[PDB]
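Colleague: From first to last, the protein sequence lines are chains G, D, A, C and H. What the first sequence shows, in the deposited numbering, is residues 1221 to 1241, 1256 to 1596, in sequence order. Going by the deposited numbering, the second sequence wraps up at 460, each residue one higher than the last. Going by the deposited numbering, the third sequence wraps up at 462, each residue one higher than the last. Going by the deposited numbering, the fourth sequence wraps up at 462, each residue one higher than the last. Going by the deposited numbering, the fifth sequence wraps up at 478, each residue one higher than the last. We treat Cβ as the ideally placed atom computed from N, Cα and C, and that holds for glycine. Take a look at this one; I'll ask things after.
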Amino acid sequence: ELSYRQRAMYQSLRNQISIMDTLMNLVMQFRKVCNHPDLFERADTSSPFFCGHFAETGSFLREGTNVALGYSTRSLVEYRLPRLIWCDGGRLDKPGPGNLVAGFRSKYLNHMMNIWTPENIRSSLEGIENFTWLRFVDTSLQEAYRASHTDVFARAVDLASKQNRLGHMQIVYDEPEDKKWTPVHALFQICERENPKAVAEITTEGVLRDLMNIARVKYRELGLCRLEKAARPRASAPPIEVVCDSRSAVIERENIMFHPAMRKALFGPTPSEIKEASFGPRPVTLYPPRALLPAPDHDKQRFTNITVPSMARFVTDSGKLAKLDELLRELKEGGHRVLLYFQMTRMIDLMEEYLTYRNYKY
Amino acid sequence: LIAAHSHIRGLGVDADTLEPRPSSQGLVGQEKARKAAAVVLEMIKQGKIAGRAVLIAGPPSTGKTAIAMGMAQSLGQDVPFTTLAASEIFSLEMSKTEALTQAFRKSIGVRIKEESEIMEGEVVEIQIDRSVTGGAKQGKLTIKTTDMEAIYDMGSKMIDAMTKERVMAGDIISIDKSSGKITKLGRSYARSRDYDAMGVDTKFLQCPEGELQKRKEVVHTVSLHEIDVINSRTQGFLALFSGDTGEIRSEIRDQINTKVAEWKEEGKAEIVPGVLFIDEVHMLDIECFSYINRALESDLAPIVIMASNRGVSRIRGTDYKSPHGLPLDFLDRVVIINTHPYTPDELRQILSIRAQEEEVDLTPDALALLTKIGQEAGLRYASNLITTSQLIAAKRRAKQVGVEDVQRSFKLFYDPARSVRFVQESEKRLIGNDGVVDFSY
Amino acid sequence: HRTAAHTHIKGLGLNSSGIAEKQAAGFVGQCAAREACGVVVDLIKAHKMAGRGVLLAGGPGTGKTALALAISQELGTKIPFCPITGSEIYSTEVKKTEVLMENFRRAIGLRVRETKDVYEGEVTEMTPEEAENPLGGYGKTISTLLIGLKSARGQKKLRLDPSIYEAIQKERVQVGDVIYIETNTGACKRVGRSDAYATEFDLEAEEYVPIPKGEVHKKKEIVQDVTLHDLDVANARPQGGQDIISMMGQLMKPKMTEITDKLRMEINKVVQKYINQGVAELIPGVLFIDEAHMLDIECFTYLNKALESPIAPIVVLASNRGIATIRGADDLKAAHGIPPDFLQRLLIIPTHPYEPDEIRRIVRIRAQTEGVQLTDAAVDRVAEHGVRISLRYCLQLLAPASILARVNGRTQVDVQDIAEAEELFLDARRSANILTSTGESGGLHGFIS
Amino acid sequence: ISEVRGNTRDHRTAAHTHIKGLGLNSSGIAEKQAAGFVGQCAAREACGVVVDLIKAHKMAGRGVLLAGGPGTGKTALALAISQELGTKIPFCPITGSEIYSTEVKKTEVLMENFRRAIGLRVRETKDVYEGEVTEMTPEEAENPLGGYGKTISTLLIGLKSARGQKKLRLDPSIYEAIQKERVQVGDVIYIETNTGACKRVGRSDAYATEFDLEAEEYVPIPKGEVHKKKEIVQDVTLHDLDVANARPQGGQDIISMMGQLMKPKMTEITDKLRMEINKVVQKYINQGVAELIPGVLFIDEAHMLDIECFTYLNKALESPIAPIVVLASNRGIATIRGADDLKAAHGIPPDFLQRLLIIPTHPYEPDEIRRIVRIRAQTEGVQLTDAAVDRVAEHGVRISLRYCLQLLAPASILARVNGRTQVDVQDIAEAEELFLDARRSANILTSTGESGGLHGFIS
Amino acid sequence: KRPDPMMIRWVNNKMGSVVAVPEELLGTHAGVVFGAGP
Ligand SMILES: Nc1ncnc2c1ncn2[C@@H]1O[C@H](COP(=O)(O)OP(=O)(O)O)[C@@H](O)[C@H]1O
Ligand SMILES: Nc1ncnc2c1ncn2[C@@H]1O[C@H](COP(=O)(O)OP(=O)(O)O)[C@@H](O)[C@H]1O
Ligand SMILES: Nc1ncnc2c1ncn2[C@@H]1O[C@H](COP(=O)(O)OP(=O)(O)O)[C@@H](O)[C@H]1O
């Protein structure tokens, strides 16, 4: 019978028999969809509905061969704010004229009267004082200060540079003679100095190594990383934006919503930086130093909701083509090359696309 | 290990007539209930009918779980059998309704087939090029059968796998081209001697024969719940396992239901509907029952089996009682199975199976006494005394459990009824419901 | 294909005049209720009305849910039918009135024409260009990418915004790939390798795809079906941009959020632009709140305001309960379990028990729906239940009796196979007798209270 | 760096420090007093069979109830069971109160502890080369590749340990690890043979004087052999496998690294994960490369569990991999925590109680209390006149065992404060007057809080 | 074809393995491991 794609469109258009008459026009498109639905509406690469503004190309002929693609994507939801609020001191943290508090308050609350500044920490570093432990946590006063002022993203970028040296000590300082040695300034990192995760990676029988990767292995072995997506969001939108008639807003939009340091951290070192680092006379530590964007869990859909039509979908979208595929394979084994005749000339083009997919010959 | 039901290996019915044998496959008695469960089991296998709720009812023991475990064994691994304790539904990460929705959708399999393609050959050479300071990697693999040699280009993902596997010339390897996984099968050359730290010399193998590429049809079964989790997300598919998944939106499920139907019409997938077994079902709230009753009505609903020990008992989350503790408009949708307490010869046969499963050689008089204990103390207690008497017998090096060991076990360990009397005989010294107690002599 | 409680229901079975045929489209009886449900279908198909309430009132097993699913089939696929139970409203992520609003806006659909403005080609050149920033500490930044795209109708060179190069980079595009670029979102898709240089000897399992036919720049148009709730969720959790918020918003765990009235109001303005632009048809649908007695007095008091909204779906409630205590309001009893304030808003369709010959008819409709070929004496037997026992108990026996008959080698179910089904599979009342007789006293073999 | 303290390694004494075991013959019969116990000969013999039940790997999912009044030694018996098993078998004690987490459903908290009580013992061989890098030196290849000009066929590295040094010939691919890891002569590294890569521990402290300032700490030369090949035995619980799979630790992406910078919130580990973990574990057991070592989940004040916890335990105990559960309860006939209409013995639902082996614990005779006072005194280090012993034991009969044991330390203070190296009646008669029991204090309450008033207790 | 300036090449076969280094990397820090630093 008809494939569900055919059956849906055929039913919707044959329902017009109840509405009108035009019968010849209708039964012509009956014959169309009953041959292949891609004659009636071609399956083509598609994505969710975009609930946003973009700049349309008004002409192709005027466009030329070199064109600049700006990022035009903006929200249709659009939050108009006066510059009195958004720029001239209605943001309490933004110092300037009018907002006379923010400049004082930033210095005193974040530095002068801030307990994590090294001068304050250094006064609290002995005995029963609140930073007594900082000798045995592996951070310096500088790293503690940094970690208390930078956000979780910036701190996570800093983690990307570090070496898990306490895990290597677990491999080397094993024996009674080694006394399970640990550097005394890392004394309190007990669970880093003693952790099966390090040992399981060095033993040649990977038994506990595999027991710790069970979930990620079977997820992959189930093919869930490769199976087609069964759903996606029906609508998609870019972030809502403030709209303010000032230049400071446009700069601050670019500084936050297109934040260069976050983007550089995610996407890694720039190609000239890689060249400079590899041709230099002495080694240099790049930033970040690698792309910190994760691997996508779906190994084929990656980071976008765009679908590309499969040729297997095209084959099964026509019941005749699905049935013919078995008959043509039988006829191939029967020794016949493909030879067919069509009432609609455009169906010959789809069969050429079908045959150039299958690589069977006319 | 040996667990409470490890002797149950099926339902013990004639596959032709569904007649229950009086004892087989480790089940004993309950013949009316075992035949009923066998009719349910067949309409599970047939798949045709969705959304049947069958309640197994009875006093404590009498094998209601044992029957449900016999059904699970008879379905085998392929059909989903989601065991759920009704107290699992009260999550803090999701509502009871969402927790039930996930439990239903865990019980419907999608059985998806694909043609993989695989390689099998000796590695003759490897070349890898690496960008200093990281980034790009490139390489070529030269791989061999008795009948072919070919040079395959390698991407970074494959070079990571090759180096993680520490692939070397003279290795026999297989590559699943679709997934990209590599496995070393062995080596055809000796392990070299020019280098140290080369590590373990794997199995010797002759070189693979035939063509390098072979197609391979493989089949994977995934739940509707596993399709839900990975289609509600871009990233974080470990939520299949960690359980981090939130309350999944219904738009995603509506889409998946439509697509799985389409995959069935395409012949890409077979839907394999299985069982959700809700043990202790009386523990659900009125809000849970008023969800299941309409969740059952969907075409993708599994067959739901339940067990309850409860009499005419209070429904949780409301002010009133009902049979089984289950709402009447819920029980309206249920066909009920009743299990019956065992006779002494049924007790004797069960205890013999428990003894054989634990590999304990009871003397005949010990089995008689355990049967007498079974009648008065209960089947579980009489079961617990079998392993206990085996240990006591081992203290005295006895080659069989004698009556003395069962009596010694009966002496050391109290049954419930005797413990209730012990409590009543010490109401002054135990903490009362008033919280009062006397600590003095 | 699988057979379920309502597979026999195909529609309301009305005449063109809107009178019910006494047995049609799978129904038997309920004619006055099927006629009232027809006038509700007319109220829905005529888009003019918002926020009307219907209550299907009637005891359990009187086909209230069959009526609601029949409405869902008379409306067809185009109109949104949004079924929920009252027990779905208690989310752990967001307040229960959020879930109601989400379901109200999920029950309003939109069909909208969309132009996708895209570039397609084989990547023939890709050349990044960059600036040495002042000392921000993150180092050099790519200022732009120059990329060459080749299609069948020649080629074009694109100087991309670096925001779009990040899409190209996270898509792992290379020279010689075929890519799709969507200028709506700045989003990218790697379609494959070219069919050029499509040699077999890659471990990479590449999909080689033909060069895009046609012009390298295209402006295809497609019609999208969306709900208002789909727009709310898109704009509350933005994910379609190439900005950092959209990027990280795909890495974070998805979670529901208490979408504000402010957002919903401003999406009404956006959708009304699509209407005035002529690119969208508004298609309001229906919300079926089954088991509406499981709502609570905060849900019902919210529904007052929600139905007064200048756009709201039709709401169909169903309840099976007499004079009952309102949940969350143990001081207040009312009929149907619905507050007396809210019941005034509804049109009540009362629903009635079936007669014995209707049960016989339903049993025969249901038997042939399941493919249970059933003798007339066997039909009469099953229809003695439904009178003496619930109707549902009749229909549930048909499958066991079929199994037992076929195990007995019969082609068709006799009275014997039902009489065995009646014995293996008890009704609630016979089981309730077993409880009261066996649990007549406590003990080792008693039922637990 | 740290200034080590030379003082004696004594130990603190707690309420159970005197208990050392169950005190049983090889026939399993209890000795009338032994290993710190006095009496409870029945309950000690029963616990001795439970001990042999646990040490025999047939057990799965059995339940025990220690039933008896407060003060009757049920927690002492559980600790004695734990000591009889020793450290190689997991003993996981919790109260029922610990199950009411805010952070996951309580059936998850109980299943975590249920799996904590199950151990796995994995044997593997560690195989490394380690040392200070004495040298790095390329071997130029016989047949260089055209257009490169440099071609190395071997890299040679010298590694010194405290116990010797070796000339090590390595596949040149190690250049990648050395260049990334920035290995230098005088750095301490190891080579692992399952990868051929290397990792840097640090610079050898032989070079700590190379500069007045350098920005790294130095590490000692490895004190083992230059080449290690050792079997290693890893203590693992199945709960460790749960967490290690459900929250991988080493991930190098931003979301992993942001994850490890934020609190490691518990998650409702799926049964699908746990059931696959079990299957791979059972595979490796059948290979014989691992031992399962099921241990004891001990739940004290188990009457604090509710009926939802107990109904889940039904399913949990039916698992084919499960610890033994030992419950302790003192709640008479009492209302079930989560089923206010239902009373049952021990506060355990009758459904669940039928599963447990109940062990009763009885009160103590006046002469047993006296023997306990003797055992406790010598454990605290207190020494008593016999008239002080008899006075303490008399309070044990009239008031409570626990109260009398708590008088020993106060009276020892007062004795030495009065210059006496042993406690006498004059000190006991004073300890008992500074430190009241609950009854004498309840009498003060009953007399003083007869009404509201300016000096009244608040009722 | 002259080799890439910055791809160092490892190749392994029956004869064991070698690493070959681009002439552009000799005299860089990446040459130091090979005896061919600045
Ligand atoms: N018919 C039977 N055949 C074999 N074992 C049984 C049978 N009935 C009960 N048992 C065993 O006795 C114990 C109690 O039965 P169970 O199924 O747990 O009862 P409940 O209905 O309370 O779950 C279990 O160990 C079970 O395996
Ligand atoms: N008039 C009718 N004609 C045919 N089948 C019916 C009719 N009324 C109810 N049924 C069927 O009887 C069963 C119970 O009806 P249901 O809608 O569940 O009642 P309620 O929802 O009020 O509990 C369902 O299988 C339903 O399809
Ligand atoms: N049989 C015994 N022999 C020696 N000490 C005991 C004995 N029974 C109890 N004790 C000690 O007396 C106190 C009371 O016992 P405990 O186990 O705490 O009671 P419960 O089980 O009611 O909590 C503890 O300090 C315990 O160590």
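Of all the residues that make up the segment 86-117 of chain C, which are near chain G by a beta-carbon distance shorter than 8 Å?
Modeller: Result list empty, no residue passes.
Colleague: Cβ of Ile461/A less than 8 Å from any chain C Cβ?
Modeller: Yes, because at least one Cβ of chain C sits closer than 8 Å to the Cβ of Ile461/A.
Colleague: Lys346/C to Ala70/C, Cα distance in whole Å?
Modeller: Cα to Cα, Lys346/C sits roughly 16 Å from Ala70/C.
Colleague: Cβ of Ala326/D within 7 Å of any heavy atom in ligand 1?
Modeller: Because some heavy atom of ligand 1 lies under 7 Å away, the Cβ of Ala326/D counts as near it: yes.
Colleague: Please go through the segment 234-273 of chain C and give each complete alpha helix (DSSP H) segment of 4 or more residues, from N-terminal end onward.
Modeller: 241-249, 257-262, all fully within the segment 234-273 of chain C.
Colleague: So, does the segment 243-256 of chain A touch the segment 80-98 of chain A, judging by three or more C-beta pairs under 8 Å?
Modeller: Segments in contact, no.
Colleague: With a CB to CB cut of under 6 Å and the five nearest residues on each side skipped, what residues in its chain are close to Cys50/A?
Modeller: So the qualifying residues of the chain are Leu25, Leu80, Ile84.
Colleague: Cα separation between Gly298/A and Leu439/A?
Modeller: Cα to Cα, the separation comes out at about 41 Å.
Colleague: Going by CA-CA distance only, name the one from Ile4/C, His21/C, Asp13/C that's closest to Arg377/C.
Modeller: Closest option to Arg377/C, Cα to Cα, is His21/C.
Colleague: Short of 7 Å Cβ to Cβ, which residues in the segment 1495-1521 of chain G face chain H?
Modeller: So the close ones are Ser1512, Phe1513, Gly1514, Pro1515, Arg1516, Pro1517.
Colleague: Which partner residues does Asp215/A have in the DSSP bridge list?
Modeller: DSSP lists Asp172/D as partners of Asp215/A.
Colleague: For the structure I just gave you, are there three or more beta carbon pairs, one from the segment 321-336 of chain D and one from the segment 1580-1587 of chain G, closer than 8 Å?
Modeller: In short, these stretches do not touch, since the Cβ pair count stays below three.
Colleague: Near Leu465/H, what residues of its chain come up, given a Cβ to Cβ distance below 6 Å and the 5 sequence neighbours on each side ignored?
Modeller: If we look at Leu465/H and ignore the five residues flanking it on each side, its Cβ neighbours are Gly471.
Colleague: Quick one: is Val238/D buried, meaning 16 or more other Cβ sit within 10 Å of its Cβ, or exposed?
Modeller: Under this definition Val238/D is an exposed residue.
Colleague: May I ask you to verify whether the segment 92-108 of chain A touches the segment 35-44 of chain A, counting CB pairs closer than 8 Å and requiring at least 3?
Modeller: No, they do not touch.
Colleague: Per DSSP, which one or two residues make a beta bridge with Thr128/A?
Modeller: Beta-bridge pairing links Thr128/A to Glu234/A.
Colleague: Output the residue ranges of the alpha helix (DSSP H) runs that lie fully inside the segment 1435-1472 of chain G and measure 4 residues or longer, sorted by chain position.
Modeller: Whole alpha helix (DSSP H) segments, 4+ residues: 1441-1445, 1448-1455.
Colleague: Using a Cβ-Cβ cut-off of 8 Å, state whether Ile84/A counts as contacting chain G.
Modeller: Chain G, which has no Cβ nearer than 8 Å to the Cβ of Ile84/A, makes this no.
Colleague: Considering only heavy atoms of ligand 2, list every residue whose Cβ is less than 5 Å from one of them, following chain order.
Modeller: Here the residues come out as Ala18/A, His19/A, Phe40/A, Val41/A, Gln43/A, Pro73/A, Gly74/A, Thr75/A, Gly76/A, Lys77/A, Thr78/A, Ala79/A, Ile375/A.
Colleague: Thinking just about the alpha-carbon of each residue, which of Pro73/A, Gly64/A, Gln429/A is nearest to the one in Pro323/A?
Modeller: Comparing Cα positions, the closest option is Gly64/A.
Colleague: Taking only beta carbons into account, state which residues of the segment 358-372 of chain D come closer than 7 Å to chain A, listed in chain order.
Modeller: Of all residues in the segment 358-372 of chain D, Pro360 have a Cβ within less than 7 Å of some Cβ in chain A.
Colleague: Closer than 8 Å is the cut-off here; do at least three beta carbon pairs connect the segment 1556-1574 of chain G with the segment 294-311 of chain D?
Modeller: At 8 Å Cβ cutoff, the stretches do not touch.
Colleague: Please say whether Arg47/C and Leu27/C have beta carbons closer to each other than 8 Å?
Modeller: Yes, the pair counts as a contact, with Cβ atoms nearer than the cut-off.
Colleague: Measuring straight from C-alpha to C-alpha, what distance separates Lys170/A and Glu179/A?
Modeller: The straight-line gap from Cα to Cα measures roughly 18 Å.
Colleague: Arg405/C: beta carbon under 7 Å from a heavy atom of ligand 3?
Modeller: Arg405/C: yes, Cβ under 7 Å from ligand 3.
Colleague: Residue 13/D: buried (16+ other C-beta within 10 angstroms of its C-beta) or exposed?
Modeller: Residue 13/D lies beyond the range of chain D shown here (20 to 460); nothing can be said about it.
Colleague: Near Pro342/D, which residues of its chain fall below 6 Å by C-beta distance, leaving aside the five closest residues on each side in sequence?
Modeller: Hits under 6 Å: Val331.
Colleague: Given a threshold of 16 other Cβ atoms within 10 Å of its Cβ, counted over all protein chains shown, does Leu173/A qualify as buried or as exposed?
Modeller: Looking at its Cβ environment, which holds 16 or more other Cβ atoms inside 10 Å, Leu173/A is buried.
Colleague: Contact between the segment 347-360 of chain A and the segment 137-147 of chain A: three or more CB pairs below 8 Å?
Modeller: They do not touch, by the three-pair rule.
Colleague: I'd like to confirm the pairing. Which residues does DSSP put opposite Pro342/D in its beta bridges?
Modeller: BP columns for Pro342/D point to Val331/D.
Colleague: Cα separation between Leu1315/G and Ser207/A?
Modeller: Their backbone Cα atoms lie some 49 Å apart in a straight line.
Colleague: Could you please give the first and the last residue of the uninterrupted beta strand (DSSP E) stretch that includes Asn357/D?
Modeller: Where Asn357/D is concerned, the enclosing beta strand (DSSP E) stretches over 353-357.
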